[PDB]
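134 is the number of the first residue of the sequence shown in UniProt numbering; add one for each residue after it.
First the structure, in the form of structure tokens, and then the observations on it.
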Amino acid sequence: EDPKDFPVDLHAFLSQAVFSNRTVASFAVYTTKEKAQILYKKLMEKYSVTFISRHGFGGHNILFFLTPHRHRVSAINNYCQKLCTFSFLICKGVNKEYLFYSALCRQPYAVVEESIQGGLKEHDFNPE
Numbered sequence: 134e135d136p137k138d139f140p141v142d143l144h145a146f147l148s149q150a151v152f153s154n155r156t157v158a159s160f161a162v163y164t165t166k167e168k169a170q171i172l173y174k175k176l177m178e179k180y181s182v183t184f185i186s187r188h189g190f191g192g193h194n195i196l197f198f199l200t201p202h203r204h205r206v207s208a209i210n211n212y213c214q215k216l217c218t219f220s221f222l223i224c225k226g227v228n229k230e231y232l233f234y235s236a237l238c239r240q241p242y243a244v245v246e247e248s249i250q251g252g253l254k255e256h257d258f259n260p261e
């Protein structure tokens with residue numbers, strides 16, 4: 134059985150309003166390692182990301198990315214789903230950027246690749 138949602142330990146950081154027509158600038162994707170490998174570079178280029186990271190979790194991968202322009206979650210999901218038939222893929226907006234990335238850099242998650250050397254810094258966002 135493929136996952137039907139992100140792991141529960143990330144729920145608090147994610148927006149559940151997948152049909153929201155508000156535009157946002159931070160997204161997450163949960164899919165296979167094969168599809169995430171491909172999407173890491175495709176999304177980097179498509180959305181001119183300011184940051185993207187790919188993380189492993191129990192054989193699958195999670196992508197996290199930030200964009201210089203805002204987008205609807207539905208648009209990003211549509212683009213990602215184009216790659217899959219087939220493979221599962223969950224796409225949600227991220228409400229708590231630094232907390233989400235931080236969780237993805239601690240067990241049980243691991244960073245596999247990221248687009249800025251040294252990753253995101255706490256000081257790159259305002260405090261909570």
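Using N, Cα and C, we set each Cβ at its ideal position, and we do this for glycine too.
Q: Within the same chain, show all residues whose beta-carbon is closer than 8 Å to that of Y173, passing over the 5 residues directly before and after it, in chain order.
A: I185, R187, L196 and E246
Q. Mind pulling the alpha helix (DSSP H) runs of 4 or more residues that sit fully within the UniProt DNA-binding region "T-ag OBD" (140–255)?
A. 166–179, 206–215 and 230–236
Q | Proximity below 7 Å, CB of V182 to CB of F160 | A | Using a Cβ distance threshold of 7 Å, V182 and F160 do not count as a contacting pair.
Q. What separation, rounded to the nearest whole angstrom, lies between the Cα atoms of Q170 and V162?
A. 12 Å
Q. Smallest Cα separation from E178: which of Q250, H193 and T200?
A. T200
Q.
As a quick exercise: from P260, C224, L216 and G191, pick the residue whose alpha carbon is nearest that of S207.
A. Taking only the C-alpha atoms, the option nearest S207 is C224.
Q.
Alpha carbons only, please: which of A145, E230 and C238 is nearest the one belonging to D257?
A. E230
Q) Thinking C-alpha only, which one of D142, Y180, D135 and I209 is nearest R155? A) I209
Q) Among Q214, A150 and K137, which one has its Cα closest to the Cα of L176? A) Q214
Q.
For a test of the three-state rule: what should DSSP assign to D257, helix, strand or coil?
A. Of the three classes helix, strand and coil, the one that applies to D257 here is helix, per DSSP.
**Q.** For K168 and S220, believed in contact at Cβ under 8 Å, the rounded distance
**A.** With a Cβ gap of about 5 Å, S220 and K168 count as contacting.
Q. What whole-angstrom Cβ distance do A236 and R203 have, given they're in contact under 8 Å?
A. Going by Cβ atoms, the distance from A236 to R203 rounds to 23 Å, so no, they are not a contact pair.
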